[PDB]
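Enquirer: An experimental structure, sequence included, is below.
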Amino acid sequence: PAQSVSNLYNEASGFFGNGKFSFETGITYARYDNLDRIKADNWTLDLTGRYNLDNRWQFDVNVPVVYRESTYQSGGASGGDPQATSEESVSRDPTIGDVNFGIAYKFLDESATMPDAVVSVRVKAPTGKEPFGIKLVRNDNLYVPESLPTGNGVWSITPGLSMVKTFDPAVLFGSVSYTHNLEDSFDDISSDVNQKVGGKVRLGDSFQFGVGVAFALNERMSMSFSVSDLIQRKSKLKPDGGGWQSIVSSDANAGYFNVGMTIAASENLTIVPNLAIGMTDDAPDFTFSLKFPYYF
Amino acid sequence: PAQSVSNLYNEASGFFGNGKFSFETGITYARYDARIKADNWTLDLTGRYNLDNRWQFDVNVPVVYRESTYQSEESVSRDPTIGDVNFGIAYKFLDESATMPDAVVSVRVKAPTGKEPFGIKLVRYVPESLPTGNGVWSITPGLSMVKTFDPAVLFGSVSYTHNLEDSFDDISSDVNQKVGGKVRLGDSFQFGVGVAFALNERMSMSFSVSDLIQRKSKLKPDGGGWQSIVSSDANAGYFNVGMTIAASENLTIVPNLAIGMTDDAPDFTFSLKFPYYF
Amino acid sequence: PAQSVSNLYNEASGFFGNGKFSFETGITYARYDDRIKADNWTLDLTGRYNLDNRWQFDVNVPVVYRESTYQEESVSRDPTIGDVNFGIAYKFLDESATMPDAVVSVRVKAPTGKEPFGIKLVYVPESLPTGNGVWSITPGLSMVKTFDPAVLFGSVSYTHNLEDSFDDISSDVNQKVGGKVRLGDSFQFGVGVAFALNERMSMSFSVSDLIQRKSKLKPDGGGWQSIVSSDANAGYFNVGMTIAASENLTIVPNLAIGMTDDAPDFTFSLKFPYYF
Ligand SMILES: CCCCCCCCOCCOCCOCCOCCO
Ligand SMILES: CCCCCCCCOCCOCCOCCOCCO
Ligand SMILES: CCCCCCCCCCCC[N+](C)(C)[O-]
Ligand SMILES: CCCCCCCCCCCC[N+](C)(C)[O-]
Ligand SMILES: CCCCCCCCCCCC[N+](C)(C)[O-]
Ligand SMILES: CCCCCCCCCCCC[N+](C)(C)[O-]
Ligand SMILES: CCCCCCCCCCCC[N+](C)(C)[O-]
Ligand SMILES: CCCCCCCCCCCC[N+](C)(C)[O-]
Ligand code: NA
Ligand code: NA
Ligand code: NA
């Protein structure tokens, strides 16, 4: 099996079957863009360890490290004039996000009739800086966060399914997953500087799926085209002594079109560049990533 | 031969020569965001008859399911209802040779069978219902061209939609008023260009772009002169990535992604079509 | 080397090393969308002298036609130049088994287009600009290498804008304010992959991103102040082809999808490089 084919399957399935222990370093850049303008430059360094057992089971742990920069622009401004200034920027120095781990089980091996199929579960912990309690600090009509979050503040569990099959030369693949967020509590759920309100949060659950095609171009390179869509239900807050109330407009549909490659730098090292184009306003405008899975 | 080649030509030309009588079941999902979020599904039912690889006759019945959500949130929906029924005649006037392209000329007649937008009232403010068609007759002559330059298959198409003037009992969306009036929906010009590839015996892949340009629409209330609706013009651009997959010798699966490039296009459109050859 | 391969390299590198002289005619349409819709056409005229597949000298004259509609009133610019520019390029690495084709270049752009500063709001602009009003110098790097059948390529450049002055920096019809302007510098890069499909055709997929720093103004008798929201990130996804019409004439269609709000929705272009 050519390296390109192996690397392709790893990328499409999330199941790294060539080896035994592997470590992937990833760098990702993502770009986002009372009436005010927010521009965000977000970098994520991903550190992922994987153990593949007999091409059947896989265990992984991922530690994301988040660097962020948001710029807030008002047109308040200076003072009361609907089209004047105003620029405030806020940043987060490199900090851990939400640590997570996954178990995957390959329940179908590809044959003439069957796909490679992998079932998986992913458990994510709330280790990142949560968004709840972050205060908006007041130019007169421009309020800006005192800090930026690096995670969503809750535990979550994500069972998933991946399928891959070669119809030479096209490799078709698809995937689907469901994220259940666990309810949790916080000392402060208010972003009012003047107040402190304890409360609980239920983050809306989400459904994710993707399909795509990939090609092995030569011994060392593959290319991939895919689409994906994430659908998130609205989120709810319960202040102490209050009831559950939904946050209007917290629901989301984040669609992406992805073009990527796999490049075998050696037997052990792959370079995986990818572009994800945001198709909806809930997605970043675009996302560039470069991943370096290394096999040992 | 190969199936992939046939299926791709069908896709690129709109002329299905597989091929005598065929029935195509299509499912389409389209996503819009204005605050209004729209999830729109269309089940397409299309019958086609290809006569001697020269003439093609078809009827299409679209069935529309819609959910719009309005955020202060209130939601409005349309249960599965028929849209604008239409039929088409196509004539292949050039057959592909070393020098010639496959070229098809066509006309499509669309009837106002869907629930029209004109009576629909804004109720304290969301619509009481969602339309399923545009409320007018339209006629669309079109042109398609396809040619293989091995292994690239280049294609392009162009069409013009003339909308017929029509009259309605109510043109107003004010709940308190009823105003009869006439409507001229702005005509539109559509074109696209692309490239496709046969990957193997059974599969093709396609990349294309298209753009629709619609002129302004006009209203005449009873008594009453013609007024342009100054913001009714549109430019809807799309980038398409698609496949054809020969499931058997009778069934093709056609997945397509259309990415909206402009604000008048849905954010994205996913479709899955299943042409079946009897 | 097949014509497709040559045309491919020319497109990816900007270095047209298969002839002494070339002239490229390009037509570009771009679409942008109180509401404003803009239809913008640019006719590009570019002459190149390639010396021994080692050096290249070029001049580009863009001719700009523009139409903006404000919602309804419309404003237009009849065909007018163009920030004229020229470039010098040097191929410092020739592709071998180990090395890429690599070209270093410098591009000098002059402020010949109608500048935006001083254009009055009358509410709609009285006119539309065709250039940015300043000199700029852009050193750049291009790299291309075949890993059969994939041709990988990439490019990167930095634009330094020269400070300049204008008689009027205000768009207020009632005022005239002289001032100096430092246009924010920019960093540009792209990467992509291309394929020779046959003797005569190639296809390309690429991405690019332009990052522009904020600009600053000094009105006369005032101090330097940064122009909020003048910073920009214009990202593009490109799908393109090269088609050999003759051994001299290539047709180059390209679609550039804007990925950010600082980019046009989309850009369709058609370029016709001609080797003499
Ligand atoms: C970039 C979007 C391109 C679409 C990706 C294709 C995968 C999604 O398709 C869903 C249905 O496909 C099932 C394929 O079934 C195989 C049939 O072939 C059997 C005969 O050889
Ligand atoms: C996303 C795609 C971007 C670039 C696609 C450009 C496609 C250029 O194709 C033009 C289409 O024209 C179709 C006609 O083909 C037949 C040519 O007829 C000439 C006879 O030799
Ligand atoms: C750029 C981030 C995209 C997020 C949307 C997710 C799309 C596909 C979801 C299924 C993933 C399942 N998998 C491969 C983990 O098993
Ligand atoms: C993983 C490859 C990353 C590609 C490089 C993208 C650079 C984006 C830089 C944005 C931040 C710079 N700036 C000027 C806004 O400060
Ligand atoms: C995806 C929505 C497309 C809307 C605009 C389409 C422009 C195509 C013009 C003529 C169509 C002929 N064709 C390709 C169907 O054979
Ligand atoms: C040549 C055959 C053309 C297709 C004919 C299909 C009839 C449509 C019946 C579907 C009914 C839909 N609905 C939901 C309103 O009940
Ligand atoms: C309104 C018409 C709807 C479509 C007509 C479908 C007819 C079903 C025929 C089933 C038998 C087909 N076959 C090839 C398996 O024999
Ligand atoms: C046409 C839009 C401009 C966007 C800026 C980014 C362009 C990156 C590609 C530069 C190509 C340079 N060169 C010398 C290789 O041709
Ligand atoms: Na959107
Ligand atoms: Na737009
Ligand atoms: Na944007």
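Expert: The structure has been received and is ready for your questions. Residues are numbered from 1 along each chain as shown, chains lettered A, B, ... in the order given. Ligands and ions are numbered 1, 2, ... in the order given.
Enquirer: Show me what the closest residue to ligand 2 within the stretch 101-250 of chain A is bridged to.
Expert: Using Cβ to the nearest ligand atom, the closest approach of the stretch 101-250 of chain A to ligand 2 is made by residue A:225 at 12.5 Å. Any C-beta I mention is one placed from the backbone N, CA and C, and that applies to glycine too. For residue A:225, the beta-bridge partners are residue A:213, residue A:259 (DSSP bridges).
Enquirer: check contacts around it.
Expert: Neighbour list for residue A:225: A:212, A:213, A:214, A:258, A:259, B:241 [criterion: Cβ atoms under 8 Å, 6 or more residues apart in numbering or on different chains].
Enquirer: Leaving out the residues flanking it, which one is nearest to the fourth one?
Expert: Just to be clear, that refers to residue A:258. Closest residue in space to residue A:258, ignoring its immediate chain neighbours: residue A:226 at 4.5 Å, by Cβ to Cβ, 6 or more residues apart in numbering or on different chains.
Enquirer: on that earlier part again, most neighbours among the contacts of residue A:225, which one is it?
Expert: residue A:214 (27 neighbours; other Cβ atoms under 10 Å in any protein chain shown).
Enquirer: who's in contact with that one?
Expert: So residue A:214 contacts A:8, A:11, A:12, A:170, A:171, A:173, A:222, A:223, A:224, A:225, A:226 (Cβ under 8 Å, 6+ apart).
Enquirer: Which pair of the contacts of residue A:225 spans the longest distance?
Expert: Greatest spatial distance among these (Cβ to Cβ): A:214 and B:241, at 13.3 Å.
Enquirer: Give me the subset of the contacts of residue A:214 that lies in helices.
Expert: Under the assignment DSSP state H, these contribute A:8, A:11, A:12 to helices.
Enquirer: contacting residues for the first one?
Expert: Okay, so that is residue A:8. Counted by Cβ under 8 Å, 6+ apart, residue A:8 has contacts A:171, A:214, A:216, A:222, A:224, A:262.
Enquirer: can you pull the contacts of residue A:93?
Expert: Residue A:93 touches residue A:67, counting by Cβ under 8 Å, 6+ apart.
Enquirer: Am I right that it is in a helix?
Expert: No: counting by DSSP: H, G, I helix; E, B strand; the rest coil, residue A:93 falls outside a helix, being strand.
Enquirer: Just give me the closest of the contacts of residue A:225 to ligand 6.
Expert: Among the contacts of residue A:225, and counting by Cβ to the nearest ligand atom, the member closest to ligand 6 is residue B:241, at 28.1 Å.
Enquirer: What separation do you get for the closest one and ligand 11?
Expert: For residue B:241, the distance to ligand 11 (Cβ to the ion, to the nearest Å) stands at 22 Å.
Enquirer: right, and residue A:2 touches residue A:219 too?
Expert: Yes: using Cβ atoms under 8 Å, residue A:2 is in contact with residue A:219, at 5.0 Å.
Enquirer: which residue ranges form the strands in the stretch 51-200 of chain A?
Expert: A:57-73, A:87-96, A:100-108, A:116-124, A:136-137, A:144-145, A:156-167, A:170-181, A:184-186, A:199-202 (DSSP state E, counting those that start in this stretch).
Enquirer: Which one, of the ones you listed, ends up nearest to ligand 4?
Expert: Short answer: strand A:57-73, nearest of those by Cβ to the nearest ligand atom, at 6.9 Å.
Enquirer: Show me how far that closest one is from its chain's centre.
Expert: Offset of strand A:57-73 from its chain centre (Cα atoms, centre = their mean, to the nearest Å): 8 Å.
Enquirer: likewise stretch A:226-240?
Expert: That offset, for stretch A:226-240, works out to 13 Å (Cα atoms, centre = their mean).
Enquirer: Please determine whether it lies in contact with ligand 3.
Expert: Yes: Stretch A:226-240 comes into contact with ligand 3 (Cβ under 6 Å from any ligand atom), by way of A:228, A:230.
Enquirer: Can you tell me what sits against that stretch?
Expert: Applying Cβ under 8 Å, 6+ apart, the set of residues contacting stretch A:226-240 is A:173, A:189, A:197-214, A:244-258, A:260, B:241, B:257, B:268, B:270.
Enquirer: Can that stretch be said to contact ligand 1?
Expert: Yes: residues of stretch A:226-240 contacting ligand 1 under Cβ under 6 Å from any ligand atom: A:226, A:227.
Enquirer: Do me a favour and get the end-to-end distance for that stretch?
Expert: By Cα to Cα, to the nearest Å, the extent of stretch A:226-240 from end to end equals 44 Å.
Enquirer: Also stretch A:106-115?
Expert: 10 Å.
Enquirer: Kindly report the same for stretch A:198-208.
Expert: Start-to-end, stretch A:198-208 (Cα to Cα) is 31 Å.
Enquirer: Now do it: distance to the chain's middle.
Expert: Distance, centroid of stretch A:198-208 to centroid of chain: 16 Å (Cα atoms, centre = their mean).
Enquirer: ok, that stretch near chain B or not?
Expert: No: Stretch A:198-208 lies apart from chain B when judged by Cβ under 8 Å from any Cβ of the partner chain; the minimum separation is 13.0 Å.
Enquirer: and that stretch with ligand 3, contact?
Expert: Yes: against ligand 3, stretch A:198-208 shows contacts by Cβ under 6 Å from any ligand atom at residue A:208.
Enquirer: Show me what that stretch is in contact with.
Expert: Counting by Cβ under 8 Å, 6+ apart, A:132, A:152-154, A:156, A:160, A:175-181, A:183-189, A:228-240, A:242, A:244, A:250-252 sit against stretch A:198-208.
Enquirer: how about the residues of the stretch 101-250 of chain A near ligand 3?
Expert: Residues of the stretch 101-250 of chain A lying close to ligand 3 (Cβ under 6 Å from any ligand atom) are A:120, A:160, A:162, A:175, A:176, A:177, A:208, A:209, A:210, A:228, A:230.
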